[PDB]
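S.K.: Experimental structure below, sequence on top.
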Amino acid sequence: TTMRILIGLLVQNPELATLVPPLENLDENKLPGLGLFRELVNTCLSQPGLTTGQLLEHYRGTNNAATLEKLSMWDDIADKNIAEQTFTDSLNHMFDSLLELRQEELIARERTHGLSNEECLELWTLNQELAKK
Amino acid sequence: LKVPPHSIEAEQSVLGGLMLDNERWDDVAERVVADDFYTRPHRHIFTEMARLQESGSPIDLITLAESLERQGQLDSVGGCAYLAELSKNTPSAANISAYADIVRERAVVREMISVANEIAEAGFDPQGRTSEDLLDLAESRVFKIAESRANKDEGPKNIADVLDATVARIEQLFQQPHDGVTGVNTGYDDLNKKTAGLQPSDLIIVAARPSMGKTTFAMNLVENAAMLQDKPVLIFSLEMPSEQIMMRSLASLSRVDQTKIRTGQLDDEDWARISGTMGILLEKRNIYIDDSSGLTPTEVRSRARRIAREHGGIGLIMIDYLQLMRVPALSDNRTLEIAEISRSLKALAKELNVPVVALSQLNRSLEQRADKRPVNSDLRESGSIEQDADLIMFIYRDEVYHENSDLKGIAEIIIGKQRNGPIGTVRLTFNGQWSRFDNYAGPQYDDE
Amino acid sequence: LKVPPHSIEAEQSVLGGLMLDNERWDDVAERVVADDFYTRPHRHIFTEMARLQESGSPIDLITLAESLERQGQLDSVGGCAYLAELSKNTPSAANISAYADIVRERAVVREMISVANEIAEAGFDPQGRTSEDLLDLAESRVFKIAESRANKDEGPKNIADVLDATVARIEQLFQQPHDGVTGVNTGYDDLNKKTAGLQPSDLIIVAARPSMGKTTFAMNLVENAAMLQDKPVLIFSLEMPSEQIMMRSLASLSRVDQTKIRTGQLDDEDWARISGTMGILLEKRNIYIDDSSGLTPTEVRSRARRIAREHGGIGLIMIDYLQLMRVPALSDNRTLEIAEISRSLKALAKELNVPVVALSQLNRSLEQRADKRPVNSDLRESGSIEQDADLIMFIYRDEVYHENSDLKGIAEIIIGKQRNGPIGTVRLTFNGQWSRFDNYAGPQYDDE
DNA sequence: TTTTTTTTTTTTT
Ligand SMILES: Nc1ncnc2c1ncn2[C@@H]1O[C@H](COP(=O)(O)OP(=O)(O)O)[C@@H](O)[C@H]1O
Ligand code: ALF
Ligand SMILES: [Mg+2]
């Protein structure tokens, strides 16, 4: 899935959490496991420059630490630039996923009580951006 | 139940990656094939996209779905929904190389496991197959895997890689105080001047008229190669028994006329001189010999490999002579038989990185010409012999042909062909009584 | 549950033979060792005998029981009762050679199975080992099995052995020839050297073009074997009546021009010779000849077994010839029909432990080539004839194809395959008038 | 899978 790579990259590469844009704006219910995803970024922001051990130390006693270590062992990448690029691609995947969800909500709005010219172009423009990426 | 090795996640990565990107196709086609996929649905999908790519058409969900539908494999793989999920799952095609290598590794181990099962089944139930049959079958299966794995990076290397390898070799040669003679010393300084020793991976050919100088000269090369080196030298005497050539060699190293040696007289005055030479040979243990009349290229390759992987590399190989080797399959045509033998000998030299000396006979067309000096075209059952040879030496003695000759006892080696180096002639004195060739210390002529 | 292959009877028979005869313990020890068995107690017993031989004490029931009792192994091996039973199973100590070979064969098969099991273990759980490690491990194991066999004809002879053989044979030759033969006599001394006689359990083959002495040669072998032994010999003449076969034998043994016998234009001297021959044959009375036509592998087995049981074994079996037998079940694919026939004969040969001589024809492609000497690929409908054969002899007579050839009345026996010993050419004199072959007493040209 | 008979092109002695 898309989540396992994301968490695996983050645990293996704690320095990636610094360059993560905020996620609290969108509800975490949309994507499973996204609630802790922003929390890890918040922990990194509160304590910039932390090793993987420090990141795992904060949640040594948590019940989700097993998944973090398991994904860390999985898909081990020696290259760091590739990991950064992959995380960017994975993060880019989430951004359009949020846009797709917004498009779906707009489509439901369309099928509920139609659309007007302003609503049509708004959803229509949103589709182009989603299609472009 | 032991699940056969495979990585579905790795596979789902490459199919999804190839979905997103078409340019990286060659990056995966060189690494994996349809069969290597563990699941039949993946095999069918790989086959379908290969047909799509070979047609010069783009790869996309519509095309792949359409292609599978025409061939009826759309439902067998899962249908349109299954393909859509595969495309969506893969984030990007950046890491498709490692995934492909992993898939190839899984397939190879899967093949190895099946081979292990296959060999085990045969052992349990010989079904009339002898232990040799099982030994041969296992050896073939191991070889087939080894050769399949052999071609990994065989491709059009760029010049930058080629240049770096070459300059390293040149610097190696320059540093080593070889001072000429990069290969095995021939023992004759004049010959080494033009040849610089017998280079590795070469196919040297010594040719002459019947009973002219062939086995005498070739044995001298073998003796010198053994004396001036520390690597075993192999001899294939398909024409005459090992007892006779050893006797000839003992005379050559002792400089005592054969005469009595053939009869078997251990005369004290001479036996003292030869005494010690057997001691020198015994301590060195540098020479291996196998007449085994009527060999085939495969048998020669098998025996050579065993010697190489037992004492460590080879120093030289001698064949006496080329025309006596037989290829069972290509028996109807003699021309093709010689081409197969010549090509095989060149391959063996490359494989073991050791000079290979082969002897050949000439044609009767030589006598017709006024000037009875051999040329490349005089080889017998020839044509393919002179294409693959890296160095060709003809043994000529004008004394035999013209009794009124100035070359009395002075043989001359004519370098008919040399791929890397000049050609010419070198004069050597011929000691028939001792069956030996010696450096021409007398007034030497100059090549035209 | 697959039980590893073994041979309990061979183990028991070998142990008993060793207990009876001690001078042959060295031969058994060299061929097989203690670890070559399948049952641990038998391995313990073999260790006991090896220890006794190292100390030099005689090996027998009393000594074996004493050593086992002192070491506490007497109860492990079932006590002295089983020690006596081990010899009771063994018929004689002379036949220990075959049983030891079976034990070695089972040991090799067991080792192969273990190596195959190890290969599967490593592949199933890589533990991190790279494919190279697995391949290198597999290659090393295969070489161990292939090389841990001893035997002979396994490679090129080195120098030290060659020099000793050269000097040793030179010294012996000028004093005496010292011919060994030491084989199941075929009657021709020159042929015993290259074959060591007709070894039991083999499947010998004789092939040649029509009217080349194929039946003449086989009959000579049958006659010579009959005189030089006491076991009965059997003949299956599917082509010629018993009368014609007997007429040739009378001409051959008595050295009388067979044209006179056929036409009845004999005289008193010839009648005297024939009468002498008939007296000798009736004195022995150990040749059985069947002229039934179109037999089947079942029929020959039933008849051969019946003759053996009535008179206690067969010393030789001759069939004339292979392609004439019939298998109604597989009466659509000739290739499969011949394959079944050849397999059945080999099974019968080992089942009775008696050499089986079968004749065969050759294709017409031989006559197309410039060199008309047969090769193993010329056997007619040779689906599996070459595979099952343990020894193949071809009969050639250059006088047939060349009136002016200097080899008038000279027949060459070309050995195209053999389990032990070399392969070469044996010359003989062919006296067609008497339907006989004779030793080539003339100048023994060196074979190239 | 094997044995048979007909064409046409090459290479060698
Ligand atoms: N009186 C004779 N003089 C000369 N040659 C003979 C005489 N009798 C038989 N032969 C030869 O002996 C050969 C034996 O042939 P045969 O063994 O029947 O052939 P095949 O190898 O098919 O069994 C024949 O080719 C025949 O020419
Ligand atoms: F004469 Al034949 F086989 F050809 F016995
Ligand atoms: Mg016959």
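M.R.: Here it is on my side, so go on. Numbering: from 1, shown residues only, chains lettered A, B, ... in the order given. Ligands and ions are numbered 1, 2, ... in the order given.

S.K.: The residue of the stretch 101-250 of chain B found nearest chain A: neighbour count?
M.R.: For the stretch 101-250 of chain B and chain A, the shortest gap (C-beta to the nearest C-beta) falls at residue B:102, measuring 11.0 Å. For every residue, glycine as well, the C-beta is placed using N, CA and C. Residue B:102: 19 surrounding residues under other C-beta atoms under 10 Å in any protein chain shown.

S.K.: which residues touch it?
M.R.: By C-beta atoms under 8 Å, 6 or more residues apart in numbering or on different chains, residue B:102 lies in contact with B:7, B:10.

S.K.: give the contact list for the residue of the stretch 251-400 of chain B found nearest DNA strand D.
M.R.: Nearest residue of the stretch 251-400 of chain B to DNA strand D (C-beta to the nearest atom of the strand) works out as residue B:383 at 2.4 Å. Contacts for residue B:383 (C-beta under 8 Å, 6+ apart) come out as B:335, B:338-339.

S.K.: Just name the closest of those to ligand 2, please.
M.R.: Nearest to ligand 2 out of the contacts of residue B:383 is residue B:335 (C-beta to the nearest ligand atom; 33.2 Å).

S.K.: near DNA strand D, which residues of chain B?
M.R.: Taking C-beta under 7 Å from any atom of the strand, the part of chain B that reaches DNA strand D is made up of B:335, B:363-364, B:379-383.

S.K.: Which pair in these has the greatest spatial separation?
M.R.: Greatest spacing in the residues of chain B next to DNA strand D, by C-beta to C-beta: B:335 and B:364 (17.4 Å).

S.K.: Give me the more crowded residue out of those two.
M.R.: Between residue B:335 and residue B:364, counted using other C-beta under 10 Å, the more crowded position is residue B:335 (12 against 9).

S.K.: For that one, pull up the helix or strand it's in.
M.R.: helix B:334-352 (DSSP states H and E).

S.K.: can you list contacts of the helix or strand just after that helix?
M.R.: The first helix or strand that comes after helix B:334-352 along the chain, using DSSP H and E, is strand B:356-360. By C-beta under 8 Å, 6+ apart, the surrounding residues in contact with strand B:356-360 are B:198, B:202-207, B:214-215, B:218, B:221, B:316-323, B:345-346, B:348-349, B:379-380, B:382, B:385.

S.K.: Any of these buried? List them.
M.R.: Neighbour-count burial (16 or more other C-beta atoms under 10 Å in any protein chain shown) applied to the contacts of strand B:356-360 gives B:198, B:202-207, B:214-215, B:218, B:221, B:316-323, B:345-346, B:348-349, B:379, B:382, B:385.

S.K.: Tell me which entries of those lie within strands.
M.R.: B:203-207, B:316-320 (DSSP state E).

S.K.: now for these, which pair is the farthest apart?
M.R.: Farthest-apart pair in those is B:207 and B:316; separation 18.0 Å (C-beta to C-beta).

S.K.: picking up where we left off before, what lies in contact with the helix holding residue B:335?
M.R.: So helix B:334-352 is in contact with B:200-203, B:297, B:300-301, B:304-305, B:308, B:313-314, B:317, B:319, B:322-323, B:325-327, B:330-331, B:355-356, B:358, B:381-385, B:387-389, going by C-beta under 8 Å, 6+ apart.

S.K.: And it, what's buried?
M.R.: Under 16+ other C-beta under 10 Å, the buried positions of helix B:334-352 are B:337-342, B:344-346, B:348-349, B:352.

S.K.: Please apply the same query to stretch B:403-416.
M.R.: Going by neighbour count (16+ other C-beta under 10 Å), the buried part of stretch B:403-416 is B:407, B:410-416.

S.K.: Contact residues of chain B facing chain A?
M.R.: B:89, B:91-92, B:94-95 (C-beta under 8 Å from any C-beta of the partner chain).

S.K.: longest single helix anywhere in chain A?
M.R.: helix A:81-113 (DSSP state H).

S.K.: hmm, it touching chain B?
M.R.: Yes. Using C-beta under 8 Å from any C-beta, we find that helix A:81-113 touches chain B at A:82, A:85-86, A:89-90, A:93.

S.K.: What is the burial count for the residue lying closest to residue B:260 once chain neighbours are set aside?
M.R.: Distances taken as C-beta to C-beta, 6 or more residues apart in numbering or on different chains put residue B:267 closest to residue B:260, at 6.2 Å, once the chain neighbours are dropped. The number of residues packed near residue B:267 is 12, by other C-beta under 10 Å.
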